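# Survey of secondary and tertiary structure
In case you want the letters, here they are:
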Amino acid sequence: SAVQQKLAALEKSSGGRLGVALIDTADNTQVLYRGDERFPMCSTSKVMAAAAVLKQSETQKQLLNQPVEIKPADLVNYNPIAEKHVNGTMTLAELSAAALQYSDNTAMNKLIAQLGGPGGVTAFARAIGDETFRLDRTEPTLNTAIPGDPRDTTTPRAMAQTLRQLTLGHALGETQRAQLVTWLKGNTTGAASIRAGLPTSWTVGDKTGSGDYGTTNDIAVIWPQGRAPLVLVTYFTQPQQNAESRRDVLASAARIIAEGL
Ligand SMILES: *[B@@]1([O])O[C][C]([C][O])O1
């Protein structure tokens with residue numbers, strides 16, 4: 001299609017490897033580019049950890065209000081919110097929000113611990129029908145994004161389907177789904193990524209990711225004004241370990257997708 005030709009051209013111009021999956025929930029049509037290739041998730045994996053904790057809260061009704069102590073040893077490489085609460089506590093809701101809206105890595109590690117390790121996050125993916133997602137490591141090493149390494153990867157197709165189920169479907173209870181959507185819509189890290197390629201009037205909830213090898217990711221639910229929502233996953237990684245982030249590629253891919261509608 002026109003869109004696949006434009007995405008291939010964008011990829012060629014960028015020097016890296018681009019993966020895209022769009023689900024249009026109007027007709028459940030899909031647009032895929034490298035849709036079944038594995039990409040390092042980096043921080044887009046935080047959506048799965050937060051959703052797994054939300055799923056737990058369907059039975060443990062007060063779980064999100066449980067205080068979790070932030071100790072100095074807990075701090076890793078990027079902890080914008082957790083740093084503000086060292087030697088104090090954050091609730092699981094606050095940690096989930098921090099992981100999602102600020103990409104706080106300490107928050108992610110506390111969520112992983114709550115789930116019993118990376119295998120607990122992966123188990124939740126399996127439980128909602130995602131056979132592709134795998135979380136193997138904690139922060140910060142899950143961002144190494146080594147070419148060919150299957151650890152901490154998923155495919156665009158799988159992540160788009162899972163994000164659809166979590167936000168628009170019923171993998172979560174009604175209050176939990178609404179909470180997740182609220183958290184994603186409040187993301188603070190996404191302005192230069194998918195959002196930048198879309199009409200300013202569209203509502204977007206997204207989670208970015210970045211890692212080594214210039215890995216630059218964003219996964220989004222998009223609510224166009226007067227139109228069924230869309231789920232868009234854009235993964236990008238580069239051949240040089242020290243490559244710079246390329247959020248503009250994700251913006252451009254979103255723009256190309258949006259043109260085709
Ligand atoms: B994710 O990818 O988003 C930011 C943090 C930095 O390590 O991880």
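The rules behind each value
- Residues numbered from 1 in each chain as written, not as in the entry; some residues may be left out.
- Heavy atoms only, no water.
- Pairing = 2+ DSSP bridges.
- Helix = DSSP H or I, 4+ residues; strand = E, 2+ residues; numbered from the N terminus.
- Axes fitted to C-alpha atoms, helices over the stretch in contact; angles between N-to-C directions.
- Buried < 20%, exposed > 50% of the residue type's maximum accessible area, 1.4 Å probe, protein only.
- Polar contact = N/O pair within 3.5 Å; in protein donor to acceptor, adjacent residues only side chain to side chain.
- Contact = heavy atoms within 4.5 Å.
- Expected span 1.5 Å × (residues − 1).
- Arc of directions from axis to C-beta.
- Near = heavy atom within 4 Å.
- Areas by Shrake-Rupley, 256 points an atom, 1.4 Å probe, with all protein chains shown as cover.
- Nonpolar A, V, L, I, M, F, W, Y, C, P; charged D, E, K, R; others polar.

In the PDB archive, X-ray crystallography is given as the structure determination method for this entry, at a resolution of 1.55 Å.

## Structural notes on the sheet that holds strand β1 (residues 17–24)
Ordered by their spatial adjacency, five strands build an open sheet running β2-β1-β9-β8-β7, and the pairing between neighbours is antiparallel. The open sheet is flanked by β2 (29–33) and β7 (203–211), the only strands paired with a single partner. Along the sheet, successive strands turn relative to each other by an average axial angle of 5°, direction set aside. Sheet topology note: the strand β8 (residues 215–223)/strand β9 (residues 230–237) ladder contains five bridges and is antiparallel. By the bridge assignment, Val221 is partnered in β9 with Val231.

## As for the side chain of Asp152
The topology assignment puts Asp152 in the loop between α5 (118–127) and β6 (153–154). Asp152 sits in the buried class, given a relative accessible area of 1%. At a separation of 2.7 Å, a polar atom in the side chain of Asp152 contacts the side chain of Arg137. Those residues in contact with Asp152 that lie beyond four places of it in its chain are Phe39, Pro40, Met41, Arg134, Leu135, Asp136, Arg137 and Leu142.

## Describing the side chain of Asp24
Mapping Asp24 onto the fold places it in strand β1. Other than its neighbours up to four places away in sequence, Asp24 contacts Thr29, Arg227, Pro229, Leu230 and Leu261.

## Some details on the environment of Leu180
By the secondary structure assignment, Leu180 is in helix α7 (residues 174–185). You can call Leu180 buried: its relative accessible area is 0%. Put simply, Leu180 and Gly205 are 25 residues apart on the chain and 9.4 Å apart in space, counted from C-alpha to C-alpha. Setting aside chain neighbours within four positions, we find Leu180 in contact with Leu54, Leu100, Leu166, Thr167 and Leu172.

## A short note on helix α1 (residues 2–14)
Here α1 contains 13 residues, and its C-alpha end-to-end distance of 18 Å stays within 8% of the 18 Å for a straight helix at 1.5 Å per residue. Where α1 is concerned, the buried positions are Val3, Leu7, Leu10, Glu11 and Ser14. The buried residues of α1 occupy one face: seen down the axis, they fall within an arc of 100°. Projecting away from the buried face of α1 at angles above 90 degrees are the exposed residues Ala2, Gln5, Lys12 and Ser13. Where the residues of α1 are buried, they touch β1, β2, β9 and α8 (247–259). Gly15 lies just past α1 and shows a positive phi near 80°.

## Observations regarding the site of the ligand
Around the ligand, the neighbouring residues are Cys42, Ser43, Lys46, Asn77, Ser103, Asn105, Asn143, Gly209 and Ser210. Residue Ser210 places a main-chain N or O atom 2.7 Å away from an oxygen atom belonging to the ligand. The protein chains hide 86% of the 250 Å² of surface that the ligand would expose on its own. Class assignment of the residues belonging to the shell around the ligand gives a composition of one nonpolar, seven polar and one charged.

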